[PDB]
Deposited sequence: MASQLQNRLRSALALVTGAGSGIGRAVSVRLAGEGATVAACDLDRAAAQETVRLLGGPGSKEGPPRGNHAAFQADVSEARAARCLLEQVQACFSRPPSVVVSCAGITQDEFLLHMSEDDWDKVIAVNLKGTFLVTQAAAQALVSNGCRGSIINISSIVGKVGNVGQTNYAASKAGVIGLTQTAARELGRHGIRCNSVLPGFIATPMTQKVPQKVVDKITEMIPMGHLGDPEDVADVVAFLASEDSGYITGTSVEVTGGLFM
């Protein structure tokens, strides 16, 4: 109903193998957007494509690696003869550990994927749109943890908080080029027991969010309706840490 506001949009979603990333690909394709799925597992990304008309295609690339990130954008422009006007970074992982006992591996792995991974994707996408004189909307997922912090997630909170500052900078430089850059702040989403029940009572609404609800704001920020919203962080926490 009154959807398909992205009929002429090429959507690139990193980490669209499962959870939120897959849910975003469904929401965008539901609005007639040619979704370009990207994930570490090729089989997982190709499965998402099957769950979607627009002759979609899946791609395998490690967002943490600079080579795989640049090769990702080149393959998209070679498969659709145009750069992705819609880029959403959902590729991220969690490796929780106490600060007093957090190994260097737990730190580097999260930073490289969540922060550095977002940087390489956002950069290569920006370089693509500007060089072709195309206008677009870059979206980056940064949890509510990366704003207030959470116990056991020193590497995760710093990475997600860095994404916000990363996006706010990009939104300032790419503002002249007509490229909007925003951030999304999801709460706790039921994605792949006792700890969960305690988290629900803490949330003002009293329940975990859905990956579909996270794809709602993404569909808005990538559309023409949000054409004056750039450098803004949106919270989808259900009232948590408001």
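Novice: Take the full deposited sequence, match it to the modelled residues, and report the stretches without C-alphas.
Specialist: Deposited residues absent from the model fall in 1-3, 56-65, 206-211.
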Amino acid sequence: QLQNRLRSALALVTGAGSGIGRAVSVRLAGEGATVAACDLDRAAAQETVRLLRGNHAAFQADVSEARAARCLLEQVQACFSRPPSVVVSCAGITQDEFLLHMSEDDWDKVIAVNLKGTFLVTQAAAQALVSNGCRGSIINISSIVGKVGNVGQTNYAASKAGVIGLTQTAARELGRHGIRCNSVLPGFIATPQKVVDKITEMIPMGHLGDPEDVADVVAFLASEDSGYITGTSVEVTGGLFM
From here on, numbers count along this sequence of modelled residues.
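Novice: Which is higher on average in the deposited entry, the C-alpha temperature factors of 146-154 or of 97-105?
Specialist: Higher mean C-alpha B-factor: 146-154.
Novice: Averaging only over Cα atoms, indicate whether 68-76 or 116-124 has the higher B-factor in the PDB entry.
Specialist: Averaging CA B-factors over each stretch, the winner is 68-76.
Novice: Whose C-alpha has the highest temperature factor in the PDB entry: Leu28, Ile189, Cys38, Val49?
Specialist: The C-alpha B-factor peaks, among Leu28, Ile189, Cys38, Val49, at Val49.
Novice: Is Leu240 in the lowest, middle or highest third of its chain when residues are ranked by C-alpha B-factor?
Specialist: Highest third.
Novice: Ranking every modelled residue in this chain by its Cα temperature factor as given in the entry, which third contains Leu185?
Specialist: Answer is lowest: the recorded C-alpha B-factor places it there.
Novice: When the modelled residues of the chain are sorted by Cα temperature factor, does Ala215 land in the lowest, middle or highest third?
Specialist: For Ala215, the deposited C-alpha B-factor lands in the lowest third.
Novice: What third of the chain, by the recorded C-alpha B-factor, contains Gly175?
Specialist: Tercile = lowest for this residue's CA B-factor.
Novice: When the deposited Cα B-factors of this chain's modelled residues are ordered and cut into thirds, is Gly231 in the lowest, the middle or the highest one?
Specialist: Within its chain, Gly231 is a lowest-third residue by C-alpha B-factor, going by the deposited values.
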